[PDB]
Structure formats: C-alpha cells, structure tokens
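So this first bit is one chain, no partners, the form deposited in one PDB entry, shown in structure tokens.
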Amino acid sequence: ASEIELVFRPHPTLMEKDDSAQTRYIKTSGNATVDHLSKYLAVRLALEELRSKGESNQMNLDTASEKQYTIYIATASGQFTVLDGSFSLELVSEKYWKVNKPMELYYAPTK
C-alpha cells in the first residue's frame, strides 16, 4: 500500500527549545515531491497541536502548507543540502541518497 520509505529527523543544529522535533517514519509514492513532505510535516504537527498544551502552537490545520518547513538531505561532502520543493522523491533517491535503505531526510521550521 505504498512505496519509498523514509525517516524524517529534526535538523541537528537548527532546532530550538519549543520547536516540535519529532522523528517521523513514513512511506509514500516516489512521485511525491519535497513540497508534499513539507506540507505533511506541517499537517501532522497541526493535528498533534489539537491536543497540545498550546503555549507555542504554530499551526492551523486549515492553512498548513509546504512553506512551513525546509527539507535537507546529507551529502557525502558532509553538507546538508536544501532540497527544492519541486523535486520528486524518486529524483531525490536517485540523485542524492544512493543507498539501499530507507531515505534519511532532515527538516527545519521556516525561516
């Protein structure tokens, strides 16, 4: 019932104290783009906020969008490259991941 699997981790240095910093485990079609993954992070947070204490809620589920998160992938150079929102996951897997394992992506709230 789905395709590429990946682990979303909070960016190792950009995160702040009151940021939601969940590691997430997902699967979706290779044609999903980075913008879909960004929007997913926002929507999932928004859903969790519905039952949160609510001191620094940042999301409204109604308007959550791909603009709320920046997505990165680590490179062999040790660089964390920002992925363009238009990129498909298949493209990212082919051109940036190159490992026979679930893809590892990082995120940071924008910014």
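Only the largest set of C-alpha atoms that superpose within 1.5 Å between the two forms is called the rigid core. Residue positions are given as counts along the sequence shown, with the first one as 1.
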| property | result |
| --- | --- |
| Comparing 25 to 33 with 55 to 63, the one whose average Cα B-factor in the PDB entry is higher | 55 to 63 |
| 45 to 53 versus 74 to 82 - greater average Cα B-factor per the deposited record | 74 to 82 |
| Ranked against its chain, the third holding the CA B-factor of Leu105 | lowest |
| Ranked against its chain, the third holding the CA B-factor of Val7 | middle |
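What comes next is about the form deposited in another entry, which does not appear here.
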{"property": "Residue showing a 2 Å-or-more C-alpha displacement between this form and the one not shown once the rigid core is overlaid, selected from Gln58, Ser29, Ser86, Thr81", "result": "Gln58"}
{"property": "Cα displacement of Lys98 between this form and the one not shown reaching 2 Å, rigid core superposed", "result": "no"}
